[PDB]
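Undergrad: coords please:
(chains A, B, C, D, E, F, G and H)
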Amino acid sequence: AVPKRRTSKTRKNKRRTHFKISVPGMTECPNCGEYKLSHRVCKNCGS
Amino acid sequence: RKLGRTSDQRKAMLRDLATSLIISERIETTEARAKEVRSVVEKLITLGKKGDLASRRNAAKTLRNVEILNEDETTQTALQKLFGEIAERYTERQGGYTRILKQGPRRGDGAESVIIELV
Amino acid sequence: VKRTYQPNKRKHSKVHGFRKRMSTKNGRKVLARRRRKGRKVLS
Amino acid sequence: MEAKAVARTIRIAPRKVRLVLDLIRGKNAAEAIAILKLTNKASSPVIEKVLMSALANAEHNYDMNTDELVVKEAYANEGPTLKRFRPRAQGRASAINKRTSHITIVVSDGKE
RNA sequence: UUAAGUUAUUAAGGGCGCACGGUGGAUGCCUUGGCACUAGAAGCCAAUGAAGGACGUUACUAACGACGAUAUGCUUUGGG
RNA sequence: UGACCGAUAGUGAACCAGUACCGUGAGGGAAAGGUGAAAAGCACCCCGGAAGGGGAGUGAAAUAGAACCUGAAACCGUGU
RNA sequence: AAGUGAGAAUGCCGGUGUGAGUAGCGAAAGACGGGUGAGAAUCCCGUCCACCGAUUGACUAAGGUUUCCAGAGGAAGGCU
RNA sequence: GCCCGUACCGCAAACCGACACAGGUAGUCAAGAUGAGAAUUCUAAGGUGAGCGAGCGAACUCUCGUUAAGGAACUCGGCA
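TA: Numbering: from 1, shown residues only, chains lettered A, B, ... in the order given. Pasting the structure now:
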């Protein structure tokens, strides 16, 4: 129930290979000079 | 069907939202809550179309018996406005048709904010 | 649960104090030690 | 020519502010702010403020272009941490650390 | 063009070398503070209320020192 | 005066010391020095609610800006 | 002339790691509208709903020693 | 018509438990319906909505409800 040995800087950086965030949809507004969320609306993004 | 709290608690909350969305036109809440109050509000508008005594008594089993309208500057008690104004304004095949508009997430948590207005 | 050390003003000035330590010779030696050390609080 | 802008001491873990710095590295400023105004992270409005301040540094000191700008480097160094305490069970108490970050961002034009 | 056979490109990540950053306070240099002695003063204080304190006193500030309702001090010699 | 110490040393105490704190009580008892020759301690403009930056200015030096002489390892990053 | 040489004493003190973005975040039921602001699930007002109900009610005593009222906040503080 | 206490918490976020800790802390007063009752279930006053949330409805652990036909064949023992 307790780590027998300590992890290195190579085995610790290998586990953080999938630990990341994905990019958003960024549905560019038709004509308003803003940015609306995918299938959403904003006070600046007209479309 | 979806959940959230306990059987009794859920029921109570649902009734509150429905009554609050009948005397405020448009309101903003969460996604799940807006996708569950769009089936208990449309059924209430269907009972208002009939305009019979039986329906009126069945419409008082959900609508809260309070919330006296203050914007009408009178003694409107929800039901009257629903069985007089809301009912006398809809003639579509979707009875109490309502639309929902999604928006950005909240700051507190990550819940997706949404708006449900009457149509 | 009920713990120890029950606060009591009168009792605190009875068992200790400056009038109780200046009543015996054994308790008068504890006032000289603290004074020598440089304690800012004497009983 | 290039412009830089440092925050210096921010109440946020450096390992949590390094996850939003690997999404606006080597991109256009116009698309950089757009990506920062979509992510629902706790360190999204903070980085944006620094990036917006670095773009204004090359508009009054160098008076260069804005549409033709690209973020060169973007990292975050560690800063002084505060030591706290939390009472556990059986009288024993643990320790808590409040680390800070030194977010830095430099803007170039695709040439030295 | 076929059929057979020999070798590539990729880098999600990792490894080594080099260049530049950040956190941390080792090392070097310095001294208002100490330690061991030497020569010589000295070796007591107190019912004429002691040692040590409590509460106070500035023009403005909490400690620390000095001071006592004559309270950050008085009268008397000087030196300066 | 010294083939004594030079900030983990020398007194427990070079600075807020018998003080923070700990115990019903007798009692136990820390950590903490250094901008510059002189505050000349960043007038002014730009981004931000502010914090903090980028120019400019003071200086022999600003990678000397009060996390203020020098800044070593462990550890954390970016480019190649 | 010596306080003269460090890799080990479950050695003393300080700084930073690994486990890990993991375990945990310790009493009532909340829902919407308006307001304030750079920023609101969390602050202010309003309406409805619910919980304690010989008590999470009201008042003496012990004990603690300004936590009490008003105006202004930069953080630190408050398990968000 | 002298002297001392009088703010605020006080069955508790200010007392004793290192913590805004499911614990401990002497007395006085305490309404309606159902009832012999300070028991039991609702409620008037008064006090609060309790100090991280949002989705989903896997295994496994914990509290709780029901079950065809049989009825201790379970087990150290009708333990629960």
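
Undergrad: distance of residue D:44 relative to RNA strand H?
TA: Separation of residue D:44 from RNA strand H (CB to the nearest atom of the strand, to the nearest Å) stands at 16 Å. Bear in mind the C-beta positions are built from the backbone N, C-alpha and C, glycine included.

Undergrad: apologies, that question was intended for residue D:42.
TA: Counting by CB to the nearest atom of the strand, the gap from residue D:42 to RNA strand H is 12 Å.

Undergrad: how about residue D:101, nearest residue that isn't a chain neighbour?
TA: Using CB to CB, 6 or more residues apart in numbering or on different chains and skipping the chain neighbours, the partner closest in space to residue D:101 is residue D:14 (4.3 Å).

Undergrad: now the one you found: how far from residue D:76?
TA: Spatial separation of residue D:14 from residue D:76 under the definition CB to CB, to the nearest Å is 5 Å.

Undergrad: any residues in contact with both of those two?
TA: Residues within reach of residue D:14 and of residue D:76 at once, by CB atoms under 8 Å, 6 or more residues apart in numbering or on different chains, are residue D:101.

Undergrad: spatially central residue for chain A, please.
TA: residue A:21 (3.0 Å; CA atoms, centre = their mean).

Undergrad: ok, that one - contacts?
TA: D:19, D:20, D:23, D:39, D:41.

Undergrad: hmm, try it at 6 Å
TA: Taking CB atoms under 6 Å, 6 or more residues apart in numbering or on different chains as the definition of contact, the neighbours of residue A:21 are residue D:19.

Undergrad: close to chain A, is stretch B:21-35?
TA: No. Applying CB under 6 Å from any CB of the partner chain, one finds stretch B:21-35 separated from chain A by no less than 11.7 Å.

Undergrad: and the gap between the residue nearest to the centre of chain A and residue D:103?
TA: Counting by CB to CB, the gap from residue A:21 to residue D:103 is 17 Å.

Undergrad: give me the secondary structure label for the closest residue to residue B:49 other than its chain neighbours.
TA: Counting by CB to CB, 6+ apart, the nearest residue to residue B:49 once its immediate chain neighbours are dropped is residue B:87, at 5.9 Å. The three-state label for residue B:87, taken from DSSP: H, G, I helix; E, B strand; the rest coil, comes out as helix.

Undergrad: what helix or strand is residue B:104 on?
TA: When secondary structure is defined by DSSP states H and E, residue B:104 falls within strand B:98-105.

Undergrad: buried stuff in the next helix-or-strand element following that strand?
TA: Later in the chain than strand B:98-105, the nearest helix or strand by DSSP H and E is strand B:112-118. Neighbour-count burial for strand B:112-118 flags B:112, B:113, B:114, B:116, B:118 (criterion: 16 or more other CB atoms under 10 Å in any protein chain shown).

Undergrad: same check, this time on stretch A:23-37
TA: A:24, A:35, A:36, A:37.

Undergrad: what's the burial count for residue A:2?
TA: Residues contacting residue A:2 under the criterion other CB atoms under 10 Å in any protein chain shown number 3.

Undergrad: no no, residue D:25
TA: 13.

Undergrad: ok but it is inside a strand, no?
TA: No. Assignment of residue D:25 by three-state DSSP gives coil, placing it outside any strand.

Undergrad: for the closest residue to it other than its chain neighbours, grab phi and psi.
TA: Among residues not flanking residue D:25 along the chain, residue D:74 sits closest, at 5.2 Å (CB to CB, 6+ apart). Main-chain dihedrals, residue D:74, degrees, to the nearest 10: phi -160, psi 100.
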